[PDB]
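Under PDB author numbering, think of the first position of the sequence shown as 11, with each following residue one higher. We put the beta carbon where it would ideally sit given N, CA and C, even for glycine.
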Amino acid sequence: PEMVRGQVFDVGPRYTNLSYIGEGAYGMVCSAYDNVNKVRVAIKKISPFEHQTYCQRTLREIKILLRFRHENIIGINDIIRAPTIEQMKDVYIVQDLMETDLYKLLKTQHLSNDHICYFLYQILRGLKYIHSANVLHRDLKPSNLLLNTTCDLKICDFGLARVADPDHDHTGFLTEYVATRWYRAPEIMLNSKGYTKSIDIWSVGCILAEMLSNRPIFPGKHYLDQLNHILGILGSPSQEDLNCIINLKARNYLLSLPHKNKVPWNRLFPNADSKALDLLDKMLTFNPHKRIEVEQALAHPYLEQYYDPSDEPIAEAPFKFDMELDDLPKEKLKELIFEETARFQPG
Ligand SMILES: COc1cc(F)cc([C@@H](CO)NC(=O)[C@@H](C)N2Cc3ccc(-c4nc(NC5CCOCC5)ncc4Cl)cc3C2=O)c1
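Below, the structure is given as structure tokens:
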């Protein structure tokens, strides 16, 4: 078998001529030549089976991505693994190969207002589909936005996704949370489990702000610093918004802070299109109940050159997990991953 930077990559005979792309906690990613479709593809080698959290992420992504079909959402083309549960130590996920991601692009390139517009449109168009399936992505950030050489955009990494559950969103103050800090809505630190669609709108808001300046808008250095940064720009929440926070720890924390005025978007973003800043304000609303929804955001003046609801498709039906996954041992989750990848086996 081919080796890449001291790792077996058992993807043959279909996939050859591998090149390293990258690596992270998830595993390792290569490009490979696909000898059936005669195209280079992305292959990621995941080795999740010793970690319940890794098995959860692998299973959620696979189930979601094999169900969903949308231009602004990465597909799974193929999955390679051993013929038996006993012999299966790795899962290789084959996906369309993209040139870059928005994280890398923002560190190296100024985006024209027209690029910002088009990128935001594609993000919201993909998100409309995801929300229409009653799914929350829950980890939207530049590195989860893949781009090709013509700036077509695809959302990736559905391993933190969940079905929306607005009736069970309430929790206590500073309750611990997994998703990426600079893109976390204020309510996560105050009273929310991140089980409503407004969590994703907040993250998109953060992405938009970052496209305008090439710098994250709320770069908290650590957990409660994240809310400091948010309140530093939004200012003190209104009495009405504060009254929506019924938990006393969270309420009284907010009341203890000195009055801060709103920093106006046109001072933070002096070169930005005014319509972009109006949409930005609506996405970065403190109160998640008042926060714009994905379909309204698509209908916003800033996106008028692109808006076409007949060309912004929705999912055929809501997505459901057959069983609750968070209370399943890694051994059961491995069984479910085996089952879920069975359709790619010869036979
Ligand atoms: C601890 O964490 C874990 C544990 C797990 F058990 C499973 C996961 C899974 C599910 O949650 N998560 C991921 O796999 C995330 C983290 N990533 C990594 C990754 C690398 C490359 C590409 C990619 N990249 C390209 N092209 C690149 C772009 C940049 O520039 C260079 C070319 N094209 C096509 C593709 Cl799918 C996509 C992804 C992706 O989804 C995570």
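By the 16-neighbour rule on beta-carbons within 10 angstroms, residue 333 is exposed. Here residue 101 is buried: its Cβ has 16 or more other Cβ atoms, across all protein chains shown, within 10 Å. Take the alpha-carbon of residue 177 and the one of residue 202: they are about 11 angstroms apart.
Runs of the beta strand (DSSP E) spanning 3 or more residues and lying entirely within the segment 43-89 occur at 49-56, in chain order. Sixteen is the threshold: since fewer than 16 other Cβ atoms of the shown chains lie within 10 Å of the Cβ of residue 13, the residue is exposed. In the structure shown, residue 349 adopts helical secondary structure according to DSSP, grouped into three states. Residue pairing of residue 101 in beta bridges, as defined by DSSP: 56. For residue 165, the enclosing beta strand (DSSP E) begins and ends at 163-165. Counting along the chain, residue 223 sits inside the alpha helix (DSSP H) bounded by residues 208-223. Here residue 207 is buried, its C-beta having at least 16 other C-beta atoms within 10 Å. Ligand 1 never approaches residue 346 closely enough for any of its heavy atoms to be under 6 angstroms from the residue's Cβ.
As computed with DSSP, residue 338 is found in no beta bridge at all.
Looking at the DSSP output, residue 202 bridges to 180.
Between residue 71 and the set 205, 130, 148 and 118, the nearest pair of CA atoms involves 148. For the pair residue 198 and residue 204, the CB atoms are nearer than the 7 angstroms cut-off. Straight through space, the alpha carbons of residue 74 and residue 56 are spaced by roughly 17 angstroms.
Contact holds between the segment 292-309 and the segment 128-135, because three or more Cβ pairs, one in each stretch, are under 8 angstroms apart.
Taking 6 angstroms as the cut-off, one finds at least one heavy atom of ligand 1 near enough to the beta carbon of residue 64. Distances taken from the Cβ of residue 36 to the heavy atoms of ligand 1 include one shorter than 6 angstroms.
Exclusion of the five residues before and after residue 142 leaves 324 and 325 as the residues of its chain whose Cβ lies within less than 6 angstroms of its Cβ. Rounded to whole angstroms, residue 109 and residue 263 show a C-alpha spacing of 45 angstroms. Closest by C-alpha distance to residue 20, out of 42, 255, 33 and 220, is 42. Around the beta carbon of residue 32, fewer than 16 other beta carbons lie within 10 angstroms, which makes this residue exposed. In the displayed model, residue 94 falls within coil according to three-state DSSP, outside both helix and strand.
Cβ-Cβ separation between residue 175 and residue 354: approximately 31 angstroms, too far for a contact (criterion under 8 angstroms).
Where residue 30 is concerned, the enclosing beta strand (DSSP E) starts and stops at 25-34.
Around the beta carbon of residue 58, 16 or more other beta carbons sit within 10 angstroms, so the residue counts as buried. Per DSSP, the continuous beta strand (DSSP E) segment holding residue 156 begins and ends at 155-157.
At least one heavy atom of ligand 1 lies less than 6 angstroms from the C-beta of residue 71. Between residue 24 and residue 51, the gap from beta carbon to beta carbon reaches 7 angstroms or more.
At least one heavy atom of ligand 1 lies less than 6 angstroms from the C-beta of residue 39. Counting only runs of 4 or more residues that sit fully inside the segment 230-306, the alpha helix (DSSP H) segments are 233-244, 249-253, 258-266, 275-278 and 284-293, in chain order. Between ligand 1 and the CB of residue 44, the shortest heavy atom gap is not smaller than 6 angstroms.
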